[PDB]
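Below is one structure, written out as structure tokens; comments come after it.
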Amino acid sequence: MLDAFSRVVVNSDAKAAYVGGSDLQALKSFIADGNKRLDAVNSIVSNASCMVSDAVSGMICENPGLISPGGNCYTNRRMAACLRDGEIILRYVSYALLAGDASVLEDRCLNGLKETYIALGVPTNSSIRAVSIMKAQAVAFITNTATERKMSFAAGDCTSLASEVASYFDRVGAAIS
Amino acid sequence: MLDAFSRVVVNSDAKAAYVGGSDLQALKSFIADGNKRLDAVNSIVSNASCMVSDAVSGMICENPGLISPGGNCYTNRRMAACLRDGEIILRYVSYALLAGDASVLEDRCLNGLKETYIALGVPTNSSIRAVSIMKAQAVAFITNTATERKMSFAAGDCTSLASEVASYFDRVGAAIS
Amino acid sequence: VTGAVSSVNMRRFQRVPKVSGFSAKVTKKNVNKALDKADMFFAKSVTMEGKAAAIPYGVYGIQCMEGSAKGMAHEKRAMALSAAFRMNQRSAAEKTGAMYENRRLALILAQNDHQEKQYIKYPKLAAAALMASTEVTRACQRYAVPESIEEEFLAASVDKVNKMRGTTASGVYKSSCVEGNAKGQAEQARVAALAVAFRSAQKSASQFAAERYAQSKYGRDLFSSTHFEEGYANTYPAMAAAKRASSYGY
Amino acid sequence: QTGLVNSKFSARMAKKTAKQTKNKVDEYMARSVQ
Amino acid sequence: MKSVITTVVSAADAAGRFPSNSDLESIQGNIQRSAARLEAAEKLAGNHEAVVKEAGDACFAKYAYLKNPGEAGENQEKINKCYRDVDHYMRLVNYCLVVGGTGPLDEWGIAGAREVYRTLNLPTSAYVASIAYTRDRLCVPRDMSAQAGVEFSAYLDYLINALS
Amino acid sequence: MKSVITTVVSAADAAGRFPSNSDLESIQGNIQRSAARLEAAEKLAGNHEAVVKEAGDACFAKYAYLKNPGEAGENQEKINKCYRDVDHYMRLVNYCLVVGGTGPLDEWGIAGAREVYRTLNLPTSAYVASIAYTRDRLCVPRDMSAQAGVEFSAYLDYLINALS
Amino acid sequence: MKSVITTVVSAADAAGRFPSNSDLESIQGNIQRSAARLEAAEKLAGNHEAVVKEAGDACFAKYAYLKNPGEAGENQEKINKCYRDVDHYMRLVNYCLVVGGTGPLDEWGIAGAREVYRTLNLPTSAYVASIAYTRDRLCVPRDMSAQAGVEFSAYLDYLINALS
Amino acid sequence: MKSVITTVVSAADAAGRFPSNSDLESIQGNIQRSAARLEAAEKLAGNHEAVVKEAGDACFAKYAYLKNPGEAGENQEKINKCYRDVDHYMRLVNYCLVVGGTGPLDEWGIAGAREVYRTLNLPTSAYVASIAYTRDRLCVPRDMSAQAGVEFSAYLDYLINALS
Ligand SMILES: *C(=C)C1=C(C)[C@@H](Cc2[nH]c(/C=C3N=C(/C=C4\NC(=O)[C@H](C)[C@H]4CC)C(C)=C\3CCC(=O)O)c(CCC(=O)O)c2C)NC1=O
Ligand SMILES: *CCC1=C(C)C(=O)N[C@H]1Cc1[nH]c(/C=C2\N=C(C[C@H]3NC(=O)C(CC)=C3C)C(C)=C2CCC(=O)O)c(CCC(=O)O)c1C
Ligand SMILES: *[C@@H](C)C1=C(C)C(=O)N[C@H]1Cc1[nH]c(/C=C2\N=C(C[C@H]3NC(=O)C(CC)=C3C)C(C)=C2CCC(=O)O)c(CCC(=O)O)c1C
Ligand SMILES: *[C@@H](C)[C@H]1/C(=C/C2=NC(=C\c3[nH]c(C[C@H]4NC(=O)C(C=C)=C4C)c(C)c3CCC(=O)O)/C(CCC(=O)O)=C2C)NC(=O)[C@@H]1C
Ligand SMILES: *[C@@H](C)[C@H]1/C(=C/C2=NC(=C\c3[nH]c(C[C@H]4NC(=O)C(C=C)=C4C)c(C)c3CCC(=O)O)/C(CCC(=O)O)=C2C)NC(=O)[C@@H]1C
Ligand SMILES: *[C@@H](C)[C@H]1/C(=C/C2=NC(=C\c3[nH]c(C[C@H]4NC(=O)C(C=C)=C4C)c(C)c3CCC(=O)O)/C(CCC(=O)O)=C2C)NC(=O)[C@@H]1C
Ligand SMILES: *[C@@H](C)[C@H]1/C(=C/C2=NC(=C\c3[nH]c(C[C@H]4NC(=O)C(C=C)=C4C)c(C)c3CCC(=O)O)/C(CCC(=O)O)=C2C)NC(=O)[C@@H]1C
Ligand SMILES: *[C@@H](C)[C@H]1/C(=C/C2=NC(=C\c3[nH]c(C[C@H]4NC(=O)C(C=C)=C4C)c(C)c3CCC(=O)O)/C(CCC(=O)O)=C2C)NC(=O)[C@@H]1C
Ligand SMILES: *[C@H](C)[C@H]1/C(=C/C2=NC(=C\c3[nH]c(C[C@H]4NC(=O)C(C=C)=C4C)c(C)c3CCC(=O)O)/C(CCC(=O)O)=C2C)NC(=O)[C@@H]1C
Ligand SMILES: *[C@H](C)[C@H]1/C(=C/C2=NC(=C\c3[nH]c(C[C@H]4NC(=O)C(C=C)=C4C)c(C)c3CCC(=O)O)/C(CCC(=O)O)=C2C)NC(=O)[C@@H]1C
Ligand SMILES: *[C@H](C)[C@H]1/C(=C/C2=NC(=C\c3[nH]c(C[C@H]4NC(=O)C(C=C)=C4C)c(C)c3CCC(=O)O)/C(CCC(=O)O)=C2C)NC(=O)[C@@H]1C
Ligand SMILES: *[C@H](C)[C@H]1/C(=C/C2=NC(=C\c3[nH]c(C[C@H]4NC(=O)C(C=C)=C4C)c(C)c3CCC(=O)O)/C(CCC(=O)O)=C2C)NC(=O)[C@@H]1C
Ligand SMILES: C=CC1=C(C)[C@@H](Cc2[nH]c(/C=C3N=C(/C=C4\NC(=O)[C@H](C)[C@H]4CC)C(C)=C\3CCC(=O)O)c(CCC(=O)O)c2C)NC1=O
Ligand SMILES: C=CC1=C(C)[C@@H](Cc2[nH]c(/C=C3N=C(/C=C4\NC(=O)[C@H](C)[C@H]4CC)C(C)=C\3CCC(=O)O)c(CCC(=O)O)c2C)NC1=O
């Protein structure tokens with residue numbers, strides 16, 4: 001699996017050249033906001049047990065036909081499975097934010113996930129509604145603008161990391177839609 | 001497995017003691033020369049493959065019966081396995097040099113070596129001589145005292161960590177003989 | 001620049017699937033081409049989930065070593081990825097016979113009625129659901145150390161029959177049991193497998209107790225149908241641990 | 001690997017089996033009473 | 001016992017390799033966070049009594065029904081046990097900083113405790129009401145240094161993440 | 001490939017865990033070295049046309065039998081492919097100077113190495129004649145900073161110990 | 001079909017080795033030995049309609065309970081389906097001469113044959129009695145040569161030891 | 001030790017069969033072709049004192065770099081050591097001559113051969129320098145008979161093609 005640092009060398013070795021001056025400018029800066037990047041993902045992994053119910057009760061209370069008989073969250077075994085895919089996706093996204101590259105995201109989590117859900121019959125529209133709440137939660141956890149949890153932080157900018165994590169969640173939404 | 005930090009807590013969980021600053025002065029005295037530990041781990045892997053080639057030729061030159069039919073290190077298969085396991089015990093004692101204490105050497109290398117080195121017929125006097133080569137070679141690298149090579153390190157007092165690794169080959173010779 | 005219009009074959013990935021006729025022929029062969037990719041995600045989902053019990057708390061374990069010397073780790077999947085070419089190189093009856101054999105064994109360890117349906121429809125999942133159970137509950141041959149000299153005879157007595165289906169009806173060798181493909185690989189498979197063996201007998205004192213009852217339970221659940229058959233499993237676990245699942249050749 | 005009987009070369013089981021530990025606890029108890 | 005050491009040397013073992021540069025590199029960074037997570041220990045190990053004193057009534061101010069008969073905290077030695085049980089959790093974290101990983105919790109408080117608490121009918125919500133008080137009864141500049149208090153909260157919510 | 005973070009993010013993927021303070025302290029090590037270790041990585045980039053003419057001709061001048069017919073270095077244009085294999089490899093040391101670990105050297109220069117040399121009669125002892133001389137031309141006062149020299153030698157003799 | 005050469009190439013493939021001198025020596029002994037066992041094949045092929053007629057009713061002489069109502073040979077179509085099976089086994093021992101081994105017998109005539117005869121109520125003693133009449137009526141210097149007779153008879157008893 | 005008859009009594013042991021017709025037909029080849037390769041055994045064992053002598057000086061005629069210091073043949077104690085190693089190689093091919101197959105080579109001169117020489121810096125080019133010269137050195141009437149030269153060379157290049 002690649003990361004941001006190992007993305008550079010593959011494109012450096014796509015055209016078989018060294019690393020000069022013009023490539024590590026997005027790498028000497030990548031380690032500058034790396035100290036924010038640890039402060040970034042320490043916020044997401046401190047709340048993912050609280051986030052996944054905060055995002056799977058939302059997909060119930062918007063479309064309540066899932067818990068109807070014959071719905072794809074009906075029994076208590078269906079619900080326990082759906083609470084686990086929402087912990088897997090929030091586990092693999094949190095890897096890609098720390099890696100700084102989505103190479104981990106669609107080799108271990110997303111490659112073939114769509115036609116898996118096609119064969120299972122998991123509804124694709126109610127799954128993006130499940131995903132996007134965790135997108136709208138992570139951007140309200142990174143920039144410390146949750147309603148109910150204000151954490152201690154060094155003062156400064158953090159919207160670039162929220163911009164980065166917002167680019168990973170919609171890869172999950174696009175891969176199955 | 002355990003490290004130099006999973007040693008202080010197991011000697012407190014057996015007495016249910018809080019790890020306070022009475023014995024945390026030695027952990028503050030572990031990281032104090034904590035640079036020189038990995039500034040010594042570099043001094044084995046840098047020339048690791050030529051280390052056992054100095055050992056097994058030192059074993060052959062001291063005891064030349066192993067080249068005879070009936071000596072253990074005879075055939076191309078049986079020379080290979082002695083060349084194979086002369087490396088392996090060097091690899092694990094580099095971990096014990098790294099990790100702070102030898103609770104991984106006594107649990108994944110010595111766990112049944114004493115019985116498979118008597119149930120196979122491996123000469124335990126040359127085996128303790130193979131170790132006795134690679135104990136005196138570490139103190140020709142960790143003290144920069146190789147005869148055919150110098151190494152650029154910051155010069156200082158480091159020989160307390162030289163007797164550290166000398167306390168570790170006297171734990172693998174104290175295993176199979 | 002001449003105005004090159006897009007090809008008619010490039011346009012044929014833009015049509016709607018209709019039922020009546022040749023359109024159903026192409027609709028079929030692209031669905032099951034993608035149903036195959038569903039199983040390869042089904043099988044991989046349980047493959048690394050069972051593997052997730054081997055690494056218990058993030059630290060890696062002595063069971064999941066892939067090599068111990070320099071070239072030992074890298075040569076392993078050269079054997080593995082070429083063995084996968086030898087698995088799908090089989091005949092029809094070698095394949096359909098292995099389909100229905102796993103459906104007889106996966107059906108008798110499923111706790112759910114959903115899990116029963118997951119094994120009937122997707123045959124590559126029913127395969128790896130058997131294999132993953134023996135890895136975590138260590139009831140393989142490669143994890144069983146026999147505790148006596150009669151057990152080392154008794155385990156040797158059953159895998160002489162297990163190796164006897166790695167050959168055809170006339171005694172010529174099948175493609176299944178094969179230990180090498182290149183110059184020196186077959187010798188490298190030997191020096192590989194002893195490091196598995198030195199570490200199979202290197203477990204904790206608490207984990208030899210666990211697979212002692214498990215291999216006894218493994219033999220009398222899937223292979224035994226009578227009282228004497230569940231007597232050799234109660235008494236000698238490694239003799240029951242060497243009972244393979246007949247879809248292999250070895 | 002296979003059984004010790006066929007298709008394998010060198011010895012196994014460098015592990016103190018449950019009978020083998022019974023002899024040592026016998027011997028330590030005997031050297032004490034000696 | 002997970003740490004930065006036992007993770008890079010156990011994963012490197014399965015490939016059959018020596019310490020690489022990257023395995024050497026992480027333990028350089030172990031000394032960078034060393035001065036903080038060491039520093040939080042002697043404050044917790046120095047005043048552990050009053051911290052677990054405020055941890056147990058936080059179980060009780062939310063749930064005073066535990067003192068009912070037929071319940072978990074009916075007599076004294078069912079409550080005298082309870083102040084010790086969260087003390088064991090508040091002593092496990094002192095072990096959890098010093099190794100610097102997910103070491104002592106995952107073995108000694110998290111593995112299989114979902115059946116220890118369930119079969120003995122203990123309310124598992126009563127445990128997470130205790131440790132989610134000390135996570136935010138804590139001041140940043142007064143209790144310890146500002147940087148070591150980032151580590152201290154970072155483990156309690158993991159324990160909050162686990163029992164819930 | 002094997003970086004400082006690809007191992008420690010896959011050593012928590014394997015257990016199905018979220019990345020905790022052992023998996024996060026590992027990347028603090030990728031800063032306090034990567035400031036120092038990136039001092040030499042682009043110094044290799046500028047003078048890379050002179051290092052291959054530093055070692056690659058001292059090989060052929062020392063192991064001078066290789067210019068007879070019946071060898072691999074018999075003609076003229078086959079020498080250029082033996083000169084290309086020096087800036088094929090210390091190109092990769094620059095690539096592994098930047099990615100923290102040794103990964104792109106292992107997949108692209110060690111995996112599948114010895115089977116090709118042993119077949120096509122390419123003596124790997126004449127490989128290390130160039131490289132261990134390149135290992136001993138580094139003049140760490142003049143060439144670079146001190147600690148980036150021992151991050152350049154350490155990746156260099158990783159190649160001696162693995163070609164061997 | 002198991003024969004002289006298919007087994008040694010399958011044992012060389014199963015170790016990945018090239019054809020050795022072991023497998024090249026093992027076909028030297030196929031060249032001289034074919035000059036005997038071939039001469040039973042065409043000798044039996046030219047005269048098969050007289051062998052299976054004599055070897056057929058030598059089953060209805062030893063057992064004549066087969067023509068009782070209920071048993072295997074009751075009506076004339078069932079008797080013809082008995083003579084044909086003798087003619088089948090005479091083909092598969094003709095094929096074992098030209099193949100050079102036990103191959104075509106235990107592919108098409110032995111495998112599964114235990115279960116068909118048991119289910120269809122056919123007595124396997126009537127099958128070995130019609131084969132052993134042919135094995136003993138074998139004039140070794142008249143019907144063939146000496147070494148063609150040691151090979152023609154060596155398949156008729158492998159079939160007998162298979163059916164019992 | 002793989003030979004002409006242990007490759008068929010193990011192939012019949014695998015299927016759990018009695019010795020069939022095919023495997024005997026192999027060992028007939030281990031009479032006819034066996035006579036030539038055991039005739040050639042006396043050619044080699046009678047003059048083994050000089051085929052190690054006419055090969056060891058050819059090593060120090062083509063590859064003339066090994067007498068230098070730092071090389072493989074730095075002094076006299078290692079030069080005769082190298083001369084000793086040629087003596088082991090056709091000793092096993094004399095063993096392969098009498099056994100019939102490639103028995104005492106694949107277990108003794110091939111098994112783990114490349115892993116040893118790569119450690120102590122021994123070129124496979126210098127080991128096959130001895131053997132490839134003496135392969136097509138012999139003339140077919142003087143050294144042995146005609147077809148024995150087909151036996152000796154086809155066992156000689158096997159040690160070349162596998163070490164290379
Ligand atoms: C049902 C109809 C319904 C819900 C269930 C609920 C879900 C929901 N939540 C948001 C926005 C957030 N959800 C968050 C999760 C949590 N909030 C917390 O403070 C704790 C830590 C955690 C619960 C354990 C967070 C952090 C946000 C962002 C803002 C904030 O500070 O809370 C949405 C989307 C926003 C919207 O539509 O208004 C939804 C649907 N809300 C419901 O309506
Ligand atoms: C415990 C089993 C396990 C888990 C979990 C896992 O993620 N990987 C294995 C063990 C393991 N192996 C490595 C490193 C390597 N593993 C291999 C084997 C792979 N090669 C293959 O062909 C296949 C079949 C698909 C596999 C799995 C190889 C070649 C390496 C690299 C060797 C090298 O030279 O670096 C690791 C991590 C350490 C690392 O260096 O990545 C683990 C846990
Ligand atoms: C497959 C399971 C087999 C059946 C059935 C069988 O009868 N023989 C097996 C296939 C086979 N293997 C060889 C040759 C070798 N096999 C080797 C591997 C074994 N040696 C080991 O140390 C270990 C692990 C402990 C194993 C499995 C090796 C080595 C060889 C020699 C390779 C060579 O080049 O000589 C053969 C050929 C017959 C023979 O036994 O040599 C067959 C049919
Ligand atoms: C946007 C997401 C946030 C925000 C982020 C910032 N964090 C800054 C500094 C910072 N974070 C840490 C802790 C981190 N480093 C570690 O070594 C570990 C544990 C292994 C962690 C979790 C540290 C140490 C620092 C440096 C300051 C300090 O001494 O604590 C930061 C400052 C600038 C920068 O570092 O680039 C920012 C902007 N801050 C915010 O206001 C929002 C909420
Ligand atoms: C190989 C070139 C290594 C290397 C190894 C070192 N070996 C060191 C000491 C040492 N050498 C031998 C064997 C040597 N003495 C003999 O009599 C014979 C032949 C019969 C040989 C091959 C032994 C037994 C020992 C242990 C101590 C001793 O007895 O001298 C050593 C330390 C001294 C020095 O060389 O400066 C080293 C460094 N050197 C290398 O660079 C590659 C990796
Ligand atoms: C009181 C307000 C508490 C509470 C405490 C109780 N715990 C009981 C039993 C118990 N708890 C543990 C876990 C604890 N002990 C440890 O040693 C460690 C760490 C290593 C932990 C986390 C154990 C092991 C046990 C059994 C042994 C023992 O008695 O200590 C308990 C008795 C239940 C019963 O006997 O059925 C009580 C009342 N209960 C509560 O509801 C709150 C949380
Ligand atoms: C004492 C044990 C026996 C006896 C043995 C003799 N057999 C003789 C010759 C013979 N037998 C066969 C067939 C057998 N040999 C093979 O090579 C194969 C297949 C590979 C088979 C089935 C042959 C080919 C021969 C050689 C003569 C010929 O060309 O047919 C024999 C003759 C003397 C000799 O061995 O050279 C003897 C004494 N004979 C007996 O009377 C007792 C009972
Ligand atoms: C010159 C013709 C050769 C060469 C030979 C050297 N070999 C040296 C050591 C050595 N060789 C072997 C393998 C040997 N043992 C066997 O059982 C067989 C055949 C089955 C062979 C060929 C071993 C195990 C050893 C180590 C023990 C020993 O000294 O015998 C050697 C000395 C190296 C040293 O100084 O340590 C030499 C010079 N070297 C060459 O360059 C060409 C290939
Ligand atoms: C060499 C310096 C010794 C010597 C060694 C021999 N060892 C032989 C087999 C063997 N060696 C080990 C050690 C090693 N391999 C491992 O996998 C592990 C731990 C994971 C260790 C420590 C083992 C376990 C074995 C048995 C498995 C195997 O066959 O490799 C051996 C040949 C035995 C044979 O093939 O008959 C030799 C010669 N012998 C010596 O004389 C020196 C002292
Ligand atoms: C050139 C830079 C490439 C390359 C091109 C070749 N394409 C050949 C046939 C072909 N090309 C396309 C692409 C184009 N046509 C479309 O309609 C669309 C969009 C839907 C695209 C992008 C298609 C679809 C086809 C197949 C249809 C057809 O032309 O019949 C072609 C002919 C090969 C031949 O002679 O058999 C070539 C050479 N090939 C190259 O190697 C470079 C990299
Ligand atoms: C046991 C039920 C089977 C069996 C399987 C084989 N496994 C082979 C290699 C192998 N497999 C694993 C995966 C193992 N590690 C885990 O962490 C988990 C669960 C999550 C499992 C199942 C490992 C680590 C290895 C060793 C490294 C490797 O892949 O080589 C194997 C040999 C294939 C090969 O050489 O590649 C087999 C046959 N063995 C049995 O006999 C029963 C049927
Ligand atoms: C004659 C010596 C027997 C006897 C035999 C009968 N066999 C009957 C059916 C039958 N036979 C075979 C085996 C044979 N058929 C094959 O196609 C081949 C291989 C190419 C062989 C060796 C089979 C498989 C079957 C069943 C199918 C079929 O009818 O061909 C048979 C008819 C049974 C019935 O009609 O009830 C008879 C009577 N009967 C005798 O009197 C002696 C015992
Ligand atoms: C990942 C790779 C990696 C390393 C290899 C080390 C590299 C390293 N070594 C030392 C520093 C040192 N290293 C040694 C060690 C020695 N000196 C000797 O004379 C002996 C030959 C040898 C073992 C006794 C000593 C004595 C010091 C100075 C002591 C100190 O720094 O406190 C230092 C601190 C000073 C400096 O900035 O250089 C560093 C960073 N750190 C890393 O991150
Ligand atoms: C196992 C087989 C086997 C052999 C072949 C010989 C191999 C052999 N032949 C010769 C020796 C010789 N061999 C030949 C024969 C020839 N010389 C050529 O260059 C022609 C190609 C070829 C013609 C047929 C001649 C003419 C000599 C004597 C000249 C010499 O080589 O010095 C010598 C050196 C002298 C001696 O015998 O001590 C040796 C070792 N020994 C053996 O054990």
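Chains: A, B, ... in order of the structure tokens. Residues: from 1 per chain. Ligands: from 1, in order shown.
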
### Task
For residue 159 (chain A), list every protein, DNA or RNA residue within 9 Å, evaluated using only C-alpha atoms, and leave out those in the same chain fewer than 4 positions away; present the list as a PyMOL selection string.
chain A and resi 139+142-143+163-164

Extract, using only C-alpha atoms, all DNA, RNA and protein residues at most 9 Å from region 138-155 of chain C, discarding same-chain residues fewer than 6 positions from it, and format them as an mmCIF file with N, CA and C atoms, in the first residue's frame.
```
data_model
loop_
_atom_site.group_PDB
_atom_site.id
_atom_site.type_symbol
_atom_site.label_atom_id
_atom_site.label_comp_id
_atom_site.auth_asym_id
_atom_site.auth_seq_id
_atom_site.Cartn_x
_atom_site.Cartn_y
_atom_site.Cartn_z
ATOM 1 N N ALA C 193 9.404 -25.340 5.290
ATOM 2 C CA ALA C 193 8.378 -25.989 6.100
ATOM 3 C C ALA C 193 8.869 -26.421 7.473
ATOM 4 N N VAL C 196 8.101 -23.677 9.975
ATOM 5 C CA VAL C 196 6.731 -23.841 10.438
ATOM 6 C C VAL C 196 6.681 -24.882 11.545
ATOM 7 N N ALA C 197 7.460 -25.950 11.392
ATOM 8 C CA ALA C 197 7.411 -27.072 12.315
ATOM 9 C C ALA C 197 8.082 -26.751 13.638
ATOM 10 N N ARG C 199 8.110 -23.859 14.922
ATOM 11 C CA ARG C 199 7.258 -22.894 15.586
ATOM 12 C C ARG C 199 5.878 -23.440 15.899
ATOM 13 N N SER C 200 5.478 -24.543 15.266
ATOM 14 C CA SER C 200 4.260 -25.220 15.693
ATOM 15 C C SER C 200 4.433 -25.808 17.082
ATOM 16 N N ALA C 201 5.619 -26.346 17.366
ATOM 17 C CA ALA C 201 5.964 -26.871 18.680
ATOM 18 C C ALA C 201 6.576 -25.818 19.580
ATOM 19 N N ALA C 210 -5.566 -25.601 24.242
ATOM 20 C CA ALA C 210 -6.742 -25.156 23.510
ATOM 21 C C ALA C 210 -6.980 -25.993 22.266
ATOM 22 N N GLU C 211 -5.937 -26.233 21.478
ATOM 23 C CA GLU C 211 -6.112 -27.033 20.273
ATOM 24 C C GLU C 211 -6.116 -28.529 20.545
ATOM 25 N N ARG C 212 -5.793 -28.955 21.764
ATOM 26 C CA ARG C 212 -5.988 -30.354 22.118
ATOM 27 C C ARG C 212 -7.462 -30.721 22.088
ATOM 28 N N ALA C 214 -9.697 -28.907 20.558
ATOM 29 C CA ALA C 214 -10.276 -28.439 19.307
ATOM 30 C C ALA C 214 -10.145 -29.472 18.199
ATOM 31 N N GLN C 215 -8.965 -30.082 18.060
ATOM 32 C CA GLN C 215 -8.768 -31.097 17.031
ATOM 33 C C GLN C 215 -9.572 -32.354 17.321
ATOM 34 N N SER C 216 -9.755 -32.684 18.602
ATOM 35 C CA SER C 216 -10.688 -33.738 18.977
ATOM 36 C C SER C 216 -12.101 -33.379 18.556
ATOM 37 N N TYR C 218 -12.694 -31.250 16.140
ATOM 38 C CA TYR C 218 -12.680 -31.090 14.689
ATOM 39 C C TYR C 218 -12.897 -32.417 13.984
ATOM 40 N N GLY C 219 -12.360 -33.501 14.543
ATOM 41 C CA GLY C 219 -12.490 -34.792 13.894
ATOM 42 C C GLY C 219 -13.873 -35.396 14.045
ATOM 43 N N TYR C 236 -6.690 -39.668 20.494
ATOM 44 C CA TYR C 236 -5.508 -39.100 19.851
ATOM 45 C C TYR C 236 -5.939 -37.926 18.989
ATOM 46 N N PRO C 237 -5.720 -36.691 19.450
ATOM 47 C CA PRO C 237 -6.218 -35.531 18.698
ATOM 48 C C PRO C 237 -5.520 -35.317 17.373
ATOM 49 N N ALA C 238 -4.199 -35.514 17.320
ATOM 50 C CA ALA C 238 -3.442 -35.260 16.100
ATOM 51 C C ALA C 238 -3.814 -36.228 14.989
ATOM 52 N N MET C 239 -4.278 -37.421 15.344
ATOM 53 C CA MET C 239 -4.792 -38.336 14.337
ATOM 54 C C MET C 239 -6.082 -37.809 13.727
ATOM 55 N N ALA C 240 -6.887 -37.100 14.518
ATOM 56 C CA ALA C 240 -8.087 -36.472 13.987
ATOM 57 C C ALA C 240 -7.775 -35.146 13.322
ATOM 58 N N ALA C 241 -6.695 -34.487 13.740
ATOM 59 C CA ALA C 241 -6.283 -33.231 13.129
ATOM 60 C C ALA C 241 -5.769 -33.413 11.714
ATOM 61 N N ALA C 242 -5.281 -34.595 11.367
ATOM 62 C CA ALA C 242 -4.764 -34.846 10.034
ATOM 63 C C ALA C 242 -5.844 -35.277 9.061
ATOM 64 N N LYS C 243 -7.100 -35.272 9.481
ATOM 65 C CA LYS C 243 -8.202 -35.617 8.595
ATOM 66 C C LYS C 243 -8.515 -34.414 7.714
ATOM 67 N N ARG C 244 -8.141 -34.484 6.441
ATOM 68 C CA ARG C 244 -8.382 -33.382 5.525
ATOM 69 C C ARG C 244 -9.800 -33.448 4.985
ATOM 70 N N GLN D 1 4.229 -30.153 7.770
ATOM 71 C CA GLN D 1 4.687 -31.153 6.813
ATOM 72 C C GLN D 1 3.948 -32.468 7.018
ATOM 73 N N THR D 2 4.345 -33.496 6.271
ATOM 74 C CA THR D 2 3.764 -34.819 6.405
ATOM 75 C C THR D 2 4.221 -35.481 7.707
ATOM 76 N N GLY D 3 3.796 -36.725 7.896
ATOM 77 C CA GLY D 3 4.234 -37.497 9.034
ATOM 78 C C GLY D 3 5.696 -37.873 8.925
ATOM 79 N N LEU D 4 6.240 -38.336 10.055
ATOM 80 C CA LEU D 4 7.645 -38.720 10.143
ATOM 81 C C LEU D 4 7.964 -39.943 9.301
ATOM 82 N N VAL D 5 6.944 -40.705 8.928
ATOM 83 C CA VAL D 5 7.138 -41.979 8.257
ATOM 84 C C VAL D 5 7.636 -41.770 6.829
ATOM 85 N N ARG D 12 11.555 -34.160 14.584
ATOM 86 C CA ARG D 12 10.687 -33.116 15.120
ATOM 87 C C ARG D 12 10.583 -33.165 16.641
ATOM 88 N N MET D 13 9.587 -32.417 17.135
ATOM 89 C CA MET D 13 9.073 -32.376 18.519
ATOM 90 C C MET D 13 10.173 -32.168 19.560
ATOM 91 N N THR D 17 6.811 -33.225 26.305
ATOM 92 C CA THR D 17 5.465 -33.761 26.380
ATOM 93 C C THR D 17 5.079 -34.048 27.828
ATOM 94 N N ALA D 18 3.806 -34.408 28.020
ATOM 95 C CA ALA D 18 3.238 -34.467 29.364
ATOM 96 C C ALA D 18 3.794 -35.633 30.169
ATOM 97 N N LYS D 19 4.260 -36.683 29.494
ATOM 98 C CA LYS D 19 4.991 -37.730 30.191
ATOM 99 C C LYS D 19 6.391 -37.262 30.540
#
```

Should the cut-off be 9 Å, what would the residue list for chain H against chain C look like, counting only C-alpha atoms, as a PyMOL selection string?
chain H and resi 11-12+14-17+110-112+162
